[PDB]
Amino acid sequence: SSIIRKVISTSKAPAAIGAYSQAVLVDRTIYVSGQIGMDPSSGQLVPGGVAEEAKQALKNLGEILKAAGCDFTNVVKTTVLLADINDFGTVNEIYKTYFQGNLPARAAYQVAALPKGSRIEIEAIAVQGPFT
């Protein structure tokens, strides 16, 4: 009856730049904030556009999961928000190398704009787990 609720926080990923936690762990589900390709040390976007931003965002997601005792195998659902729908193939290809087994559910669509003029934001939900 009292379930674990924890603010996940790790200096391996970018500081929060607004009123949000990097992720929240509640019972065994982790809700992860929308990850953009900010460099962890400096907080600004990595340069280079969508491919580099996607890689940094996924690395940032990894480190946040690591701080919640998980890794990319724990992800059950992601949302890929794109500044340009035509980047979807490139991003899928990047995305494949992080997620390589039981793939999360996924939604993906182009938005009108992302924070900081980013080209990609990735949301995720993960579940902690001895899974059967």
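Heads up: residue numbers just count along the shown sequence, starting at 1.
A summary of the deposited B-factors shows that, of 107 to 115 and 19 to 27, the stretch with the larger mean C-alpha value is 107 to 115. Here 34 to 42 and 52 to 60 are compared by their mean Cα B-factor, and 34 to 42 comes out higher.
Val80: CA B factor in the lowest third of modelled residues in this chain (values from the PDB entry). In the PDB entry, a CA B factor belonging to the middle third of its chain's modelled residues is recorded for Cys70.
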